[PDB]
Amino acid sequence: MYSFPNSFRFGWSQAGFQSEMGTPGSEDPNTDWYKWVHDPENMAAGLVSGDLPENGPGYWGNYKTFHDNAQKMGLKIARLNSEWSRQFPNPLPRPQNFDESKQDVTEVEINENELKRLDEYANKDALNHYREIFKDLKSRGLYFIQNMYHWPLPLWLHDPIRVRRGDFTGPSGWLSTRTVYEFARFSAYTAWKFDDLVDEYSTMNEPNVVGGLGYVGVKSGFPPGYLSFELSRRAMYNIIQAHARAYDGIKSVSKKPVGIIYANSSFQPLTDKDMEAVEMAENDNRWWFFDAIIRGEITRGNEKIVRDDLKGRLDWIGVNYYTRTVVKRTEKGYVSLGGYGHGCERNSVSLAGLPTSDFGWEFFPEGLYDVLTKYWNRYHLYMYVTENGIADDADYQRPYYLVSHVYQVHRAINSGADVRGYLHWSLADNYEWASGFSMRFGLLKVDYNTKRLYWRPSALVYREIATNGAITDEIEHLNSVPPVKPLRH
C-alpha cells in the first residue's frame, strides 16, 4: 500500500477548446484554432484530421454530468481554463502608451479603471456561464486551479492562415508584442472577476509546445505552421514576457499563487557515453525557460542578460508528463532517437520492448520521478503533476499506466519533493488538436454521438486510489509494465 499525505489531492485536467463544444449553441468560431482546423487547404494537405471541435464532448452544456462523475470517483482537484475568445470575441481598443516596435514589455498598466473599462467589452454571457460552471464545481467541493491560456488566441489577435502563407502584415499571435500586452490585461481581468472561485492560478499551458510545434515541427499540424527557427525564438521570447506580465497582473488583483504548466519529457541517455547529451537537452528544453522566469536569466542575441522584470515570477510549477526521450551525443551535438519516447509506432513496441499507446508513445513511468526530482532539486518550488495519461480507447494499458505513474509521484514525494496533486490528463475523451477525436485519453469513454459518458475499468481503479488517498494493496500489481505478449508488435 502506498499512502499519500492527507493534503495531496487527486483529480483531472481539461481544456476549453478540447472539451467545451458539442452541445448546441456552444460553438466558438473566434479562435485561430477553430479556423486552422476548418481550413480547406489544411484538410487537403492532411495537416488536420478533418474532425471538427463543434462535435466534441459537450462540456459547455453537460458540465453537471461531468462533475457528477468526477465526484463519484472521489476526485478533489480540477484544472480548467477560460477561453479568451469567449470573453472578448471583438477587438479591444489599442492600448495607448504602448509602442508595438518595442521588443521588451517590462510592464503593463492594470488598475481598476482599466479593468472597469475592459468590462465594457467583455461578453457577459460567456462570463456568466463560466461563473456558473466554476460555481457548480466549487459546490461539489473540489480545489480549483485555473488556467488562463490553453492555446487558442482570438482571431483578432492571430489569423493563422495569413501567417502560414508568409504574410506578416496581420494579427500574428505570439510574434507581435501586442499579444503580450493584451494577455497581461486579460489575465488580470479574469483573476479580478473570478478570484472568489479560484484557488490557485496558472498563466499558460505548455507554452513550449505552442512555440515549438507552431514554427519548427510543422508536420504536427499546429498553427500557424510557418517554418522558421528565428520566428520560433521570437514567439518564445514573447511568451516568457507575456507570462511575467500576466503574473504581475494577477498579483495586482489577488494574493493566490501563480505558476505555469509546462510540457515535459524525461531525457534518457542512449548509452552511458551519453550523459552530456542529456544535460544539453534539458538546458535547451527545460532549464532555459525556467531560469528565465525564475532567476530572471535570459539572453537577447547571445547576450546573456538578467531582466529583473522577469526575475521571480513563478510561485509553483505544473509538471506535465507522458513519456521519455532518448538522446545521443554528436561531438558537440546531441540527438533525439526514433523508436523511443514519442516517436514510436502505434500500438506496437519501442526499440526497447516497452509497449506503446494508440499515439505511439512509449510506456516509461520512471521518467516522472526523474522530472519531478530534477525540478525540485533545482528550484525548490512546490509542484502539481498537472497532466499524465495515455491515448488508449480499449483501456488495455491504462490501468497499469495510471497506477505505475501515481506510484512514481509517491516515490518523488518520499525523496523530499513537495508535490501536491496528481491530475490525470482527462476525465473524458476530448478533441486532440490536429489528431481529432481518434486519440482517446479519458478515464471515461464518450459516445460523441449522444454525448453520453461511460466508465472504463481504469476509472474504477482511479476511484480506489482517490477515494483512499493511496495505492491500496489489492491493486498494487498494476504498478508494472503491461504484458507485451498479448499486445501487438
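A residue's number is simply how far along the shown sequence it sits, counting from 1.
Two stretches are in play, 216-224 and 85-93, and the higher mean C-alpha B-factor belongs to 85-93. Of the two segments, 437-445 and 59-67, the one listed with the higher mean B-factor is 59-67 (C-alpha atoms only).
Of the candidates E387, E362, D393, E276, the PDB record gives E276 the highest C-alpha temperature factor. Across the residues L402, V105, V163, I317, the deposited record lists the maximum Cα B factor for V105. Split the chain's modelled residues into thirds by C-alpha temperature factor. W192 is in the highest one.
The entry lists a Cα temperature factor for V419 that places it in the middle third of the chain's modelled residues. The entry lists a Cα temperature factor for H243 that places it in the middle third of the chain's modelled residues. Compared with the other modelled residues of the chain, the Cα B-factor recorded for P171 ranks in the middle third. Annotation for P482: CA B-factor lies in the lowest third of the chain's modelled residues.
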